[PDB]
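Okay, structure first, notes after.
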Amino acid sequence: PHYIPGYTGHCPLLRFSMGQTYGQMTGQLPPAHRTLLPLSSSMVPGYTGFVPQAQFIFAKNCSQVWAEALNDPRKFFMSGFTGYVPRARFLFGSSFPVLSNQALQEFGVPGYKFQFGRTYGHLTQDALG
Amino acid sequence: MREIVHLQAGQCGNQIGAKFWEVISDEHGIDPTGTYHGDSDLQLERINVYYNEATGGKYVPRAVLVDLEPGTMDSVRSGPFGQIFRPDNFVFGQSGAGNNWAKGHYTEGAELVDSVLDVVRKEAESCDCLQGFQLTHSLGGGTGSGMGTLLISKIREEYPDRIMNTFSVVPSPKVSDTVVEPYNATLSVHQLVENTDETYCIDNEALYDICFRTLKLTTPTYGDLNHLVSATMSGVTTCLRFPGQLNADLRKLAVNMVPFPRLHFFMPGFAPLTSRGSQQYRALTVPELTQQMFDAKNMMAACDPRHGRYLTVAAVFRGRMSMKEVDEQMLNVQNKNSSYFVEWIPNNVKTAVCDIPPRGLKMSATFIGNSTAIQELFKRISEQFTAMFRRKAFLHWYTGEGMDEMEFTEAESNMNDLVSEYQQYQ
Amino acid sequence: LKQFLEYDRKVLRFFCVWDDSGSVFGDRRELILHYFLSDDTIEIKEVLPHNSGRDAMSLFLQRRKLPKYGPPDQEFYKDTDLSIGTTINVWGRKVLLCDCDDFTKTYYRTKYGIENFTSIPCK
Amino acid sequence: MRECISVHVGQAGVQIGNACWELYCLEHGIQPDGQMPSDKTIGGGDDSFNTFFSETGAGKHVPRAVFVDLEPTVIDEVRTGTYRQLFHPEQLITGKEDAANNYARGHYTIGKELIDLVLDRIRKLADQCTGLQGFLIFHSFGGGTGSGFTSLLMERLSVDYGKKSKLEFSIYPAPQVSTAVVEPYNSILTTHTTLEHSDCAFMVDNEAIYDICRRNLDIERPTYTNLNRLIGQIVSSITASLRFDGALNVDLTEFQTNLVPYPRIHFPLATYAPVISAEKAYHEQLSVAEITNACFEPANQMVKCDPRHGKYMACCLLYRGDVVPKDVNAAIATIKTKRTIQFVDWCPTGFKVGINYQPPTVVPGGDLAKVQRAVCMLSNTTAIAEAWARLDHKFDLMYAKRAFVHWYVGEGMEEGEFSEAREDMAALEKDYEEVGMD
Amino acid sequence: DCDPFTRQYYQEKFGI
Ligand SMILES: Nc1nc2c(ncn2[C@@H]2O[C@H](COP(=O)(O)OP(=O)(O)OP(=O)(O)O)[C@@H](O)[C@H]2O)c(=O)[nH]1
Ligand SMILES: Nc1nc2c(ncn2[C@@H]2O[C@H](COP(=O)(O)OP(=O)(O)O)[C@@H](O)[C@H]2O)c(=O)[nH]1
Ligand SMILES: [Mg+2]
């Protein structure tokens, strides 16, 4: 249901569009839309009396005019990126793919005096716990 | 990755760029407390071009703000986007300029050049890859021509092979605030041609005419004048910040429109201008932008361009648009106005196209043009000079500051020499 | 003209406080706000301690009609928009109102009649 | 084994290539993420994926080309673009500043600060290639990193690999429409570092492709994406034999044995054939007759230069698709009657036909439809002279008033070079007028 | 054996 390429005239919002063919930029863009276009046996035609609504219409026979009247992966940035990444010149920890990765998520013996006679490793066990 | 430096001097230059620094702050989406709140992502890979990073996500304006009198800095820090400016970059004296070029250049100026070059080369050396030195100042003042002319002299002798463009504010013909405008203009124009090798100067009157006719505002203050002169200077560097299909960078926007080395006086302009009440009645279409780019009223014209002839023109565009139209239409502008574009140069207009539109619009452009008609912009200052020099009206103030009269005429002799090559190409 | 003559020298002195602890680096800031009733413009000054590390400048926000929410139906702040116990959004910065001048209290008694004025100072 | 290194260098080139590897991948069923479609199949043979790819151990095939542009803007749009996790992390050499459209910044200053790595990588790639059949270059002819870097390589390369074919894909300046103002300079200067270093010059315009996007494909107001994919397909059509099976198969070597006659005369204008939309397509009879009695028409040449005010010399008629060998003979027989496709007296033969058997591919979302045949009349005519005369005539009209020469002989060069170019060009012209002479 | 496309093609053409 597109417009044929030869069609001149007016189609809305054609002037602000570009880069597509005339059948695609028109097809992408009213209820009563018709532009695209998506008894007779009880009377003989020689009759000359009167029937209402029978003096008006063509496109069909007289014997038919009385018919019609009656009827987070992939966050890295690769090598040598000459763009700007926030927190790129500040922090560190791994490679430039991982540097650009981590910069995107952050955008949004005591008491030894009184130790006498028990083993030094056993002494540190008391100090640690 | 390729960074730019902007310089602020003068009362006029400080107010323009403070309005200019907010235009990109809401173009790149930087909040006016220092943090960043941008909508898209594309305005983050080039944020270092015009800004730089600091701890905590608190983004920093890369600018230097210098004036003799600290009155206007008390207003910049009090402004809407003045809490981002770095007070290390706030270098100031204690006395006023006095609206004269003597107490801005040689004697008062000489005891601030060390203080200012120390912080300019601070950021210039910490820069990864310097590109340019933009400067906004007023020619008809005591500081813009006073100290805005030392820095461009003391940068070029220290960076001799880098492009640097300036944004001057030439005094208007028939409306003025001071009575000393040609003294501060002629003595600058010799120095401005000698080392800037690029200018951008349109008077205050043309800004009034655009705000009266093109934009139709009854009471235009200095705000929309500064916004409009900021719009034409945010699109001059848009190819350094946004992608595209056929872009023009600054050094690329230099050899394309400087035909002779001292022939570098240009004429800005902003395309998508309309009235406040006529937004919805106007088709923002690129054949209609350039009809408006190539007039004298809606484009920033201190002097009428039909009085001369266009020598070389740029047209940097912004926004998603077709290339076939803008190629054929610059061809249509060329042949329809063949009497107003020069001969002996077959292609005259640069076609630069960006990919991302500005904020509030869907396409935009900035008119950048070398006109031979700019000769009349310097006739009136010369005609004002010889009407006041011949009586020696204010030569005693310059004599009192240890400054001689011998090179006081060397400035006028060279701008009379300067316009001579303009009139060679009638 | 009618608002310039009616409220020429009537300035609303509103003491304020601002905190920035969500940032890595910050201090509890105390602000002074003046509200001109002549043309409905909000001017904010800064008072500093005896050895504050900040440069002693005069003003924090200039003489302008202050926007309602964030950085900019162009609706602005008015006198009834702010009171004691509410937080104002001054250009993306959350500032709480703490104290007021006694003249502004007498102003508020005459128009609406707010009473008992429970000020909430910080330390 | 018939691998083919394609060096795309410049703003243009990078674009006419980000939209060339797309179809260079689509045809050989290559996923925009290395590992090829691994759930169905597309029929290509575990060999056709070698002319332009290199199987690793996990299927992560990688492009066999080199994209070099000083400014990072464009190659950054690839690093962060539809096509990534595939283009070699280093096959995309990123520079720093730009070129301003001044040859010098490509054949003197920065022009040299990168050729050390660029040339390096192209050789690092030659190693794997067990039959580099040639060097197809993809750059502009009217910029800085397009004439500069390319010129530098052009000669530099020859002095290292020599014996080879240097066919070039260039975006020559259009007659009236034009961007940069110093194009008639950055162009006359590169036709002096290529006429003795590069063979066939598959040259392409911009106004011509633009007029064809409206007069045939019906796309009023096309862009560069619209232009790149068409120029991009001409590339694929040329490099068809090296990958696709077929009857008469023409190779990159044969493309310069029946094409370029005399040594210097190597300026062929290309002509794709089934340039049609989808509405007027499945209606017309794309007949081997019409797809040929159209590639020889004036409005269908992609280089604004009336193919009638001149004299054809050699004409390859590469034929991808369901082209039975018979129709081709009669098609060319008709061409030889038409008293208008005038010919010289030295080439009684004239046409080299390569009826490969592989219908074109549709780049998802594009004007080109599912036609089942395509021709690429890459022909050397003597009217490509009216494409230089202009650029040349312009040079003088401008050089007279020594215009835009300061920032030229300044970053490094020698005023004289300008003059020498004009001389070499006058010769190219002099020879063309003496070549078509009875 | 077959790829995960011929098995799909066979259950909507030949009812496998
Ligand atoms: N077909 C086509 N041509 C293009 C494209 N981009 C640029 N061009 C052409 O290239 C010419 C300018 O040369 P470029 O390659 O863009 O510039 P460059 O070689 O990078 O040199 P610099 O601009 O100084 O960096 C223009 O006149 C365009 O006609 C494109 O995307 N497609
Ligand atoms: N367009 C525009 N011009 C201004 C602005 N501020 C000052 N000016 C101009 O600057 C001129 C005087 O300022 P000036 O003497 O240069 O300031 P100073 O150099 O610091 O002394 C006046 O004629 C104004 O027209 C502004 O915001 N916008
Ligand atoms: Mg480039």
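Following the order of the structure tokens, chains are lettered A, B, ..., residues in each are numbered from 1, and ligands are numbered from 1.
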
May I have the residues within 7 Å of ligand 1, computed using only C-alpha atoms and all ligand atoms, as an mmCIF file with C-alpha atoms, in the first residue's frame?
```
data_model
loop_
_atom_site.group_PDB
_atom_site.id
_atom_site.type_symbol
_atom_site.label_atom_id
_atom_site.label_comp_id
_atom_site.auth_asym_id
_atom_site.auth_seq_id
_atom_site.Cartn_x
_atom_site.Cartn_y
_atom_site.Cartn_z
ATOM 1 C CA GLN B 245 29.578 12.616 6.712
ATOM 2 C CA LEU B 246 31.357 15.744 5.389
ATOM 3 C CA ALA B 248 35.081 20.891 8.462
ATOM 4 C CA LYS B 252 40.357 22.750 7.756
ATOM 5 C CA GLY D 10 40.527 9.400 4.264
ATOM 6 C CA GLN D 11 37.149 10.812 5.402
ATOM 7 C CA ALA D 12 35.507 9.763 2.118
ATOM 8 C CA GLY D 13 37.383 6.468 1.688
ATOM 9 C CA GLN D 15 32.809 6.062 4.443
ATOM 10 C CA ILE D 16 32.879 4.397 0.927
ATOM 11 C CA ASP D 69 42.632 8.850 8.533
ATOM 12 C CA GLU D 71 41.607 13.034 12.467
ATOM 13 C CA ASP D 98 43.374 16.535 10.395
ATOM 14 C CA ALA D 99 44.692 17.774 7.010
ATOM 15 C CA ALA D 100 42.716 21.014 6.363
ATOM 16 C CA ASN D 101 42.536 20.050 2.626
ATOM 17 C CA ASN D 102 46.210 21.048 1.996
ATOM 18 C CA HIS D 139 40.343 7.600 -0.809
ATOM 19 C CA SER D 140 39.083 11.032 -1.987
ATOM 20 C CA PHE D 141 40.864 13.063 -4.712
ATOM 21 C CA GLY D 142 40.001 16.476 -3.291
ATOM 22 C CA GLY D 143 40.963 16.448 0.391
ATOM 23 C CA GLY D 144 44.103 16.214 2.564
ATOM 24 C CA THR D 145 44.255 12.711 4.096
ATOM 25 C CA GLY D 146 42.925 11.497 0.753
ATOM 26 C CA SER D 147 45.526 12.852 -1.687
ATOM 27 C CA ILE D 171 35.819 10.331 -5.489
ATOM 28 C CA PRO D 173 35.655 16.488 -7.944
ATOM 29 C CA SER D 178 32.013 21.075 -4.992
ATOM 30 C CA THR D 179 32.872 21.315 -1.238
ATOM 31 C CA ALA D 180 36.378 22.601 -0.257
ATOM 32 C CA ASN D 206 29.299 12.771 -6.762
ATOM 33 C CA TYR D 224 26.446 9.810 1.227
ATOM 34 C CA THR D 225 25.154 6.491 2.660
ATOM 35 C CA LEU D 227 26.067 7.013 -2.677
ATOM 36 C CA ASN D 228 28.636 4.859 -0.794
#
```

Can you pull out every residue within 12 Å of stretch 37-43 of chain A, counting only C-alpha atoms, but drop anything in the same chain fewer than 4 positions away, and send it as a ChimeraX atom specification?
/A:1-3,31-33,47-51,54,61-71

Please report as a PDB file with N, CA, C and O atoms, in the first residue's frame which residues of chain A come no farther than 9 Å from chain B, using only C-alpha atoms.
```
ATOM      1  N   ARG A  15       8.996  16.437   2.948  1.00  0.00           N
ATOM      2  CA  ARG A  15      10.077  17.400   2.798  1.00  0.00           C
ATOM      3  C   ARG A  15      11.141  17.214   3.875  1.00  0.00           C
ATOM      4  O   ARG A  15      12.314  17.535   3.654  1.00  0.00           O
ATOM      5  N   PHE A  16      10.764  16.652   5.023  1.00  0.00           N
ATOM      6  CA  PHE A  16      11.685  16.450   6.132  1.00  0.00           C
ATOM      7  C   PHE A  16      12.306  15.056   6.130  1.00  0.00           C
ATOM      8  O   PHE A  16      12.965  14.677   7.104  1.00  0.00           O
ATOM      9  N   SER A  17      12.112  14.288   5.059  1.00  0.00           N
ATOM     10  CA  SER A  17      12.601  12.920   4.983  1.00  0.00           C
ATOM     11  C   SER A  17      13.588  12.781   3.833  1.00  0.00           C
ATOM     12  O   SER A  17      13.600  13.580   2.892  1.00  0.00           O
ATOM     13  N   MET A  18      14.406  11.733   3.917  1.00  0.00           N
ATOM     14  CA  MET A  18      15.596  11.597   3.089  1.00  0.00           C
ATOM     15  C   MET A  18      16.135  10.176   3.188  1.00  0.00           C
ATOM     16  O   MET A  18      15.850   9.448   4.142  1.00  0.00           O
ATOM     17  N   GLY A  19      16.917   9.791   2.181  1.00  0.00           N
ATOM     18  CA  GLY A  19      17.660   8.547   2.230  1.00  0.00           C
ATOM     19  C   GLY A  19      16.867   7.285   1.986  1.00  0.00           C
ATOM     20  O   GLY A  19      17.399   6.188   2.180  1.00  0.00           O
ATOM     21  N   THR A  82      40.295   7.046  20.821  1.00  0.00           N
ATOM     22  CA  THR A  82      40.500   8.489  20.835  1.00  0.00           C
ATOM     23  C   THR A  82      39.234   9.260  21.180  1.00  0.00           C
ATOM     24  O   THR A  82      39.119  10.444  20.841  1.00  0.00           O
ATOM     25  N   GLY A  83      38.262   8.612  21.815  1.00  0.00           N
ATOM     26  CA  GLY A  83      37.175   9.300  22.464  1.00  0.00           C
ATOM     27  C   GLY A  83      37.502   9.590  23.915  1.00  0.00           C
ATOM     28  O   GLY A  83      38.622   9.391  24.386  1.00  0.00           O
ATOM     29  N   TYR A  84      36.495  10.071  24.629  1.00  0.00           N
ATOM     30  CA  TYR A  84      36.637  10.263  26.061  1.00  0.00           C
ATOM     31  C   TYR A  84      35.739   9.298  26.819  1.00  0.00           C
ATOM     32  O   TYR A  84      34.552   9.155  26.510  1.00  0.00           O
ATOM     33  N   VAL A  85      36.322   8.644  27.817  1.00  0.00           N
ATOM     34  CA  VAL A  85      35.595   7.827  28.775  1.00  0.00           C
ATOM     35  C   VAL A  85      35.704   8.528  30.121  1.00  0.00           C
ATOM     36  O   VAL A  85      36.791   8.985  30.478  1.00  0.00           O
ATOM     37  N   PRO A  86      34.612   8.696  30.865  1.00  0.00           N
ATOM     38  CA  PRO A  86      34.732   9.225  32.229  1.00  0.00           C
ATOM     39  C   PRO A  86      35.546   8.283  33.103  1.00  0.00           C
ATOM     40  O   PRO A  86      35.464   7.063  32.960  1.00  0.00           O
ATOM     41  N   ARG A  87      36.344   8.875  34.000  1.00  0.00           N
ATOM     42  CA  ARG A  87      37.272   8.158  34.886  1.00  0.00           C
ATOM     43  C   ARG A  87      38.278   7.308  34.107  1.00  0.00           C
ATOM     44  O   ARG A  87      38.607   6.189  34.503  1.00  0.00           O
ATOM     45  N   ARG A  89      41.427   8.834  32.950  1.00  0.00           N
ATOM     46  CA  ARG A  89      42.748   9.326  33.316  1.00  0.00           C
ATOM     47  C   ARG A  89      43.038   9.197  34.807  1.00  0.00           C
ATOM     48  O   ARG A  89      44.131   9.580  35.239  1.00  0.00           O
ATOM     49  N   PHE A  90      42.098   8.678  35.599  1.00  0.00           N
ATOM     50  CA  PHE A  90      42.212   8.705  37.054  1.00  0.00           C
ATOM     51  C   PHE A  90      42.665   7.373  37.644  1.00  0.00           C
ATOM     52  O   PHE A  90      43.723   7.295  38.275  1.00  0.00           O
ATOM     53  N   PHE A 107      31.091   5.183  37.095  1.00  0.00           N
ATOM     54  CA  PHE A 107      30.421   6.420  36.710  1.00  0.00           C
ATOM     55  C   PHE A 107      29.051   6.527  37.366  1.00  0.00           C
ATOM     56  O   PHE A 107      28.643   7.613  37.793  1.00  0.00           O
TER      57      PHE A 107
END
```

All residues 9 Å or closer to residue B:401, only C-alpha atoms, same chain fewer than 6 positions away omitted, as a VMD selection string:
chain B and resid 102 to 103 106 to 107

Residue list for chain D near chain E as a ChimeraX atom specification, 10 Å, only C-alpha atoms
/D:38-41

Keeping C-alpha atoms, export the residues of the selection given above as a PDB file, in the first residue's frame.
```
ATOM      1  CA  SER D  38      26.263 -20.468  13.217  1.00  0.00           C
ATOM      2  CA  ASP D  39      22.679 -21.903  13.212  1.00  0.00           C
ATOM      3  CA  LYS D  40      21.863 -22.047   9.478  1.00  0.00           C
ATOM      4  CA  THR D  41      24.003 -21.591   6.305  1.00  0.00           C
TER       5      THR D  41
END
```
